[PDB]
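A single chain comes next, written as structure tokens; it is the form deposited without its partner chain.
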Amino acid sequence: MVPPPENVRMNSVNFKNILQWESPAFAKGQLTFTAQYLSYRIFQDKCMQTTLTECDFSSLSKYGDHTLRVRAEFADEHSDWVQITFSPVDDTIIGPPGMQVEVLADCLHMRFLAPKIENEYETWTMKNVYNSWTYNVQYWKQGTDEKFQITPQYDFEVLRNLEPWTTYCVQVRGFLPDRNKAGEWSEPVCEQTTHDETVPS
């Protein structure tokens, strides 16, 4: 008899799908684990007898509805399977985009970086996966409480009409209009606008 893996869960962010678990209490020796995914009607091994407490399922089709299961093994015995279901496009967490902010005169200019997706074959970003990918920006004068919302047309934005030598804080997140799915907000970046007279040359 072998106890099953505990607290089994899918930790998926930006389509990096990591199945993770906790090793159960066991007195006889080192446990190994086998995790599988369903392909048509039969389960296929993804990680066979790994000594680790996680398995990378990033190769699962992003659009499919998957079923995964994992069990512990020792000697020639094995535990019961622990199974979960997972749909990447609907369940993966969309992390915060990156952001570069520059101050030009009394203005804040920003460029957004779409979260990347390393498939070990192609360098994709959320844009290659979601066709209606868009950004949502939110900013406010440091101190105040009124937050303003704006939706850039592309991967950059220019906040015009701002007060000189004033500090503003800005955040950005990805958004999928077609699915109403919002990604996580980036931590706020606060920058102080300067002045027309600051412009060199």
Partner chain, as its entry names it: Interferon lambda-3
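Positions refer to the first chain, counted from 1.
Missing here is the form solved in complex with its partner chain; even so, the following discussion is about that form.
Using a 4.5 angstroms threshold between heavy atoms, residue 77 stays clear of its partner chain in the deposited complex. Interface residue remark: residue 85 is not counted as part of the site for its partner chain in the deposited complex, having no heavy atom within 4.5 Å. When contacts are judged by a 4.5 Å heavy atom cut-off, residue 66 counts as touching its partner chain in the deposited complex. In the deposited complex, its partner chain sits beyond 4.5 Å of every heavy atom of residue 142. Checked against its partner chain in the deposited complex, the residues 151, 167, 30, 39 give one hit for a heavy atom within 4.5 Å, which is 39.
Look at 167 to 175, 22 to 30, 53 to 61, 142 to 150: in the deposited complex, residues with non-hydrogen atoms within 4.5 angstroms of its partner chain sit in 53 to 61. Shown without its partner, the chain has no residue in segment 164 to 194 with a non-hydrogen atom within 4.5 angstroms of its partner chain in the deposited complex.
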